[PDB]
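Residue numbers (UniProt numbering), protein chains in the order written: chain S, 215 to 267; chain L, 215 to 267.
See below:
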């Protein structure tokens, strides 16, 4: 009885977790797009549909 | 994907030309006109219709 009471007091209400933080860190997708000196900007190749007025 | 992106970056917007400068150089017509010592000048045979006054 004493040992079981001691075990219950020591364990308290501890709940086991099966997993920690997942080791797969990357969530985005790799950027495979080219980048040439003809690009209007580092993020846009052209401004094709743009109308000045 | 990487190979296609590399090809697109390398080719850029190169446009093919089917022809270069045409090899036919002469554009004028050959001068077949005679030249005699009776000619008033190297370019005029006579001055037929000319009136002095």
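Virtual Cβ for every residue (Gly too), placed ideally from N, Cα, C.
Determine the DSSP secondary structure at residue 228 of chain S, reduced to helix, strand or coil.
In the structure shown, residue 228 of chain S sits in coil (DSSP, three-state: anything other than H, G, I, E or B).
Are the C-beta of residue 228 of chain L and some C-beta of chain S separated by less than 8 Å?
Closer than 8 Å: no.
Between residue 272 of chain L and chain S, is the shortest Cβ-Cβ distance under 8 Å, so that the two count as touching?
Only positions 215 to 267 of chain L appear in the structure, and residue 272 of chain L is not among them; the question remains open.
Under 8 Å, Cβ to Cβ, is there at least one residue of chain L near residue 243 of chain S?
No, no contact with chain L.
What's the C-alpha gap between residue 263 of chain S and residue 255 of chain S?
Roughly 16 Å between the two C-alpha positions.
Using three-state DSSP, classify residue 220 of chain S as helix, strand or coil.
Note: residue 220 of chain S maps to helix in three-state DSSP.
Could you tell me which of S/261, S/267 and S/250 sits nearest to residue 224 of chain L, measuring between CA atoms?
For the residues S/261, S/267 and S/250, the minimum Cα distance to residue 224 of chain L belongs to S/250.
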